[PDB]
Amino acid sequence: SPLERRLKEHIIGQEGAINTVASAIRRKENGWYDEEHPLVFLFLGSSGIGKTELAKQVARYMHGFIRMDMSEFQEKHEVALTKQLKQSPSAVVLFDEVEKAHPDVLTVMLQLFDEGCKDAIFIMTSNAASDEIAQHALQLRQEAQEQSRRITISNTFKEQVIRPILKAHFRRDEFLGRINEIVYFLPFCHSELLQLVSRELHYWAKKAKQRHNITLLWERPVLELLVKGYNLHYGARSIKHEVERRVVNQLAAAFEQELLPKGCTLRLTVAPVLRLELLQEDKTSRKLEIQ
Amino acid sequence: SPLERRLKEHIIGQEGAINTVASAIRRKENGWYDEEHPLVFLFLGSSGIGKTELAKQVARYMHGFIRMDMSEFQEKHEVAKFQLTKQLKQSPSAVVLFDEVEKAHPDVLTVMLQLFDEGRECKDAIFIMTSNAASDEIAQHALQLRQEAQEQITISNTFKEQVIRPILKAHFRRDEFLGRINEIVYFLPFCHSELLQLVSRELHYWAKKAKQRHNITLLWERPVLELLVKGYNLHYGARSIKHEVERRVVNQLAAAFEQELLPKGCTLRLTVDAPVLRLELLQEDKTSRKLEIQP
Amino acid sequence: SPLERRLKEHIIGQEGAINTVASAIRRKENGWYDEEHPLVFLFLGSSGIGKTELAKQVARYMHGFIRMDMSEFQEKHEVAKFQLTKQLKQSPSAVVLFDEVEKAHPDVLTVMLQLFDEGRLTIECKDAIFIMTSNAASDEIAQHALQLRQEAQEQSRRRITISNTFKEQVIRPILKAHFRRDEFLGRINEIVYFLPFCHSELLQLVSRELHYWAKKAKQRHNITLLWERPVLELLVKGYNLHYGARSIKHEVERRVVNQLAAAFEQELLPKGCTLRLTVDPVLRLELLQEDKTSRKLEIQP
């Protein structure tokens, strides 16, 4: 769908997720879904790997966005959205941390999904079965890598392993039955980590040339070296930190030591240490000593 | 090896387990294990799929068998009791099986560890500790590995180190313990073929008994087998199908026998016609036809 | 002292400790400790880095060894149980090791203190050695050791004894807080420090085990086992702080000896062979061909 390809052009990775979301939406548009009812997605996966940003991008494509935290609403006191939906009837709404919600917020939610604000999209994000998803993901990765030596999410895996987990977590068959699509977010593969680092280094190169006319270039071992500082626990922004803490610090230091005049060509190359190389009028390069 | 062949000839399925265990044992004999220490195996997997009898058969091959329950030792006073010394007295070089090892005291495992490192004289005993650790990750990994085989049996190394080492290090919290373990032996859930072999074994027993006392020749066909293997429940294992066989076949045999339907020297063939099991009787017509058993 | 050197020749690393223990022993046996009293050592350090073996070898030198766990004796009924008096009745002048005295009940430590200062239980226990082992200030000792190693290697780039000031201004507080009795700490003859192994000593550990295996391989299967130093460091790369020396044992037994076992069952190792471990990071087992070449062996499961 056009939607599928512009999300594909603004999000790194998660092609399963993107396909399911886009195709479900245009399934609704083709009328194979109740025209009078809003869509219900359940984003299963690990943290910080594109859920909130995917939601923000579909929201951006069709308009306009609302976000809420369910840990705030885990008992009746907080159980006791309508304002934000009064502002926008047809908007993408993101319920985060649903696994920690109170069952009558889940009844209020269910009847809201059934009565419908009919042209809105409802995305619920959970940390359910994320480690089964993870272990399945790596078995798949190894199986895919053994095949190359010689990712689709399996259906039997969903019904026999993940259905018990969800049924146990939510206690309501009416709820799981209500859900239009369970969207899976798989962990990043090596290539996409590479894409992340490349994105950040591009940002820094862009502003560097924009303010100080510094031309920043790099080579692939730089990218892999940086990709080796990826943290699973908080995800994509992990690598952003690492860049900003092993590349940009040296750029800053070298800048304040007056090693980087305007109009330079600076290329990063590579316990493997990252070497910062400057282009001379010798049309050759040499490594900067930053002390 | 002869030990390997005899484990393969008395236990159904679990060839991974047999190989791992046998290969570790003759690894010791060759002389590539510390020769003054008893071996330590950790039995991971699900219940009732061959652990205790694999132990029993190693015991049977080399001899003399001891079994203890760790769930019993969930108190510090029972740690001071950990009859074990009396058991190692009658036989020092014996297979010793610790069940429910995950539910054990830190003091109990320190004492265990001290047997393992010292052999306080038990230098030729085999120590098998069986646990319910990571059983659902093991179960799921095996299920997806079975799916790969269907699309087209080994436990992956990255799987053990990046998945099962965390679970174990968490369940035992003492690295010298896991380090001490000679081998972590994996018991995978039965695949269909093994279920078929199980049912066939039971039916074989009953056929044997039938010809033995009432001279009844019992025969069957494979749809009988699959009909019966669908009466397997994962919760207890082999005796699930044992029970199922006795609850869909021999009950019918018993009933038909009591109603004067099964003479001596008779030939009875089970077949399948909710698919119901039919008992076809061989007539002097040299043809056969279903028996009608009154409720 | 001869005793110090023999400890040095059966124990790897920990020379500070050996120095203190031996020197205390011959300080008393010159006559500069009260002679009617047994010695009290307090082994401060990390786990599995030589304490129990040092005690065991001192015991071996002078004979005869007794070992008790204080974690067992942490309340009053257990204080009535504190037994020691029986095993000490068997041998009066023996090395006795109290483990985890950190976790003792304050008056099983008064019973202990009175044993130390009276040297009698009648059971005369003079000329006995009493070693108390604790996990006190182990993270301060560890962190001080690490900045010591670093400043030493910094000095080496420009071209380990523990400071007394560190003891008094940092760990004396830790100990005082842990034991809340000044007569107890005051009673202690020597506080023996056990430092974490340094790289050289880890290397010696791996080399020791590989020697054991070379010995057994040549003993029964007439296999000559050889290696090179990158093998040694490859193996020390898997050392675990948490339980110490046997970590290294485990690893040699589980990255080297397993392959010897595998290659042996596949008939790759006949009698009279020369097998040399190298590093290619993968460990490679080179078998000596009669073509004056050491080809790598391929092992198939």
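Scroll up to find the structure this text is about.
Residues numbered from 1 in each chain as written, not as in the entry; some residues may be left out. Chains lettered and ligands numbered in written order. Part of a larger assembly, values for the part shown. Heavy atoms only, no water.

1. Overview of the overall build of chain B
What chain B contains, in helices and strands, is 13 helices and nine strands. In terms of principal-axis extent, the alpha carbons of chain B reach across some 75 × 45 × 40 Å. Here chain B holds 295 residues, and the buried ones make up 49% of them. By element, 48% of the accessible surface of chain B is carried by carbon and sulfur atoms, the whole surface being about 15600 Å². The distance from the centre of the 41 positive side-chain charges to the centre of the 41 negative ones in chain B is 4 Å. (Helix = DSSP H or I, 4+ residues; strand = E, 2+ residues; numbered from the N terminus. Buried < 20%, exposed > 50% of the residue type's maximum accessible area, 1.4 Å probe, protein only. Areas by Shrake-Rupley, 256 points an atom, 1.4 Å probe, with all protein chains shown as cover. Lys, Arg positive; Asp, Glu negative; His and termini not counted. Charge placed at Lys NZ, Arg CZ, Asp CG, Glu CD.)

2. Some remarks on the interface of chain A and chain B
Of the residues lining the interface, 12 residues belong to chain A; the matching set on chain B comes to 13 residues. At the boundary of chain A with chain B, total buried surface from both sides reaches about 1100 Å², with 51% on carbon and sulfur atoms. Taken together, the connections running from chain A to chain B amount to zero salt bridges. Broken down by secondary-structure element, the contributors of at least two residues to the side of chain A that touches chain B are α7 (130-149) and α8 (155-170) of chain A. Broken down by element, the residue count for the side of chain A that touches chain B peaks at eight residues, all from α7(A). Considering only residue class, the side of chain A that touches chain B consists of four nonpolar, six polar and two charged. (Contact = heavy atoms within 4.5 Å. Buried area = accessible area lost by both parts, 1.4 Å probe. Salt bridge = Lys/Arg side-chain N within 4 Å of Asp/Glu carboxyl O. Nonpolar A, V, L, I, M, F, W, Y, C, P; charged D, E, K, R; others polar.)

3. Side note on the interface of chain B and chain C
Listed as interface residues are 18 residues of chain B and, on the opposing side, 22 residues of chain C. The contact between chain B and chain C buries some 1800 Å² in all, and 47% of this surface belongs to carbon and sulfur atoms. Where chain B packs against chain C, one counts two salt bridges. Where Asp34(B) meets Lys249(C), a salt bridge forms, and the shortest distance between an N and an O atom there is 3.0 Å. Going through the elements one at a time, α2 (15-32) and α9 (175-180) of chain B are the ones with two or more residues in the side of chain B that touches chain C.

4. Quick look at the side chain of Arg278(B)
All names here are of chain B. Positionally, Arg-278 belongs in strand β8 (residues 277-282). A relative accessible area of 15% places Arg-278 in the buried class. Engagement of the side chain of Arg-278 in a polar contact is seen with the side chain of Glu-280, the distance being 3.1 Å. Apart from the residues lying within four places of it in its own chain, the contact partners of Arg-278 are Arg-269, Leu-270, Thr-271, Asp-273, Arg-289 and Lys-290. (Polar contact = N/O pair within 3.5 Å; in protein donor to acceptor, adjacent residues only side chain to side chain.)

5. Considerations on the packing of aromatic side chains
Residues and elements named next belong to chain C. Counted according to the given criterion, the structure contains 24 aromatic pairs over all chains. Relative to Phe-43, the ring of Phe-41 has its centre 6.5 Å away and its plane inclined at 50°; by these criteria the two rings are tilted. On the basis of relative accessible area, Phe-43 is assigned to the buried category, the value being 0%. The interplanar angle of 85° and the centroid separation of 6.0 Å between the aromatic rings of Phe-98 and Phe-130 together place this pair among those described as edge-to-face. (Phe/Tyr/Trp six-rings, centres within 6.5 Å; stacked < 30°, edge-to-face > 60°.)

6. Observations concerning the pattern of salt bridges
Inspection of every chain in the model, using the stated rule, returns 45 salt bridges over all chains. Residues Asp273(B) and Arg278(B) are paired through a salt bridge, measuring 3.6 Å at the closest nitrogen-oxygen approach. Exposure remark for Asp273(B): the relative accessible area of 45% places this residue in the partly exposed category. Across the salt bridge formed by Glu286(C) and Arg284(C), the nearest N and O atoms sit 3.9 Å from each other. Judged by its relative accessible area of 25%, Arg284(C) is partly exposed. A single network of salt bridges, built from pairs that share partners, joins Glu228(C), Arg276(C), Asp280(C), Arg284(C) and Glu286(C).

7. A short note on unusual backbone geometry
Its identity is not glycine, yet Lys283(A) carries a phi of approximately 60°, on the positive side. By secondary structure assignment, the location of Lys283(A) is in the loop between β8 (275-279) and β9 (285-287). Of the residues examined, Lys283(A) reaches a relative accessible area of 77% and is grouped as exposed. Look at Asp127(C): it is not a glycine, yet its phi comes out positive at around 55°. Mapped onto the secondary structure, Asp127(C) falls in the loop between α6 (108-118) and β4 (129-134).

8. Considerations on the sheet that holds β4(C)
Residue and element names in this part refer to chain C. Spatial ordering of the open sheet is given by β2-β3-β4-β1-β5, a layout of five strands whose pairing is parallel. Bordering the open sheet on either side are β2 (65-69) and β5 (190-194), each of which pairs with just one other strand. This sheet shows a mean twist of 20° between the axes of neighbouring strands, independent of strand direction. Relative to β4, strand β1 (residues 39-45) is paired through six bridges, and the arrangement is parallel. The residue of β4 that forms the bridge with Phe-41 is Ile-131. Strand contacts of α6: β1, β3 (95-99) and β4, with the helix running at about 150° to β4, the strand carrying the most contacts. (Pairing = 2+ DSSP bridges. Axes fitted to C-alpha atoms, helices over the stretch in contact; angles between N-to-C directions.)

9. A closer look at the packing of α7(A) against helix α7 (residues 135-151) of chain B
Relative orientation and spacing of two packed helices are given, respectively, by the angle between their axes and the distance between those axes. The contact between α7(A) and α7(B) brings their axes to 11 Å, and the two run at 35°. Crossing handedness for the pair α7(A) and α7(B): right-handed. Between α7(A) and α7(B), the contacting residues are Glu132(A), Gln135(A), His136(A), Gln139(A), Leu140(A) and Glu143(A) on the first element and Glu137(B), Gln140(B), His141(B), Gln144(B), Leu145(B) and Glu148(B) on the second. Within the contact of α7(A) with α7(B), the residues separate by chemical class into two nonpolar, six polar and four charged. (Left-handed = near helix turned anticlockwise from the far one by under 90°.)

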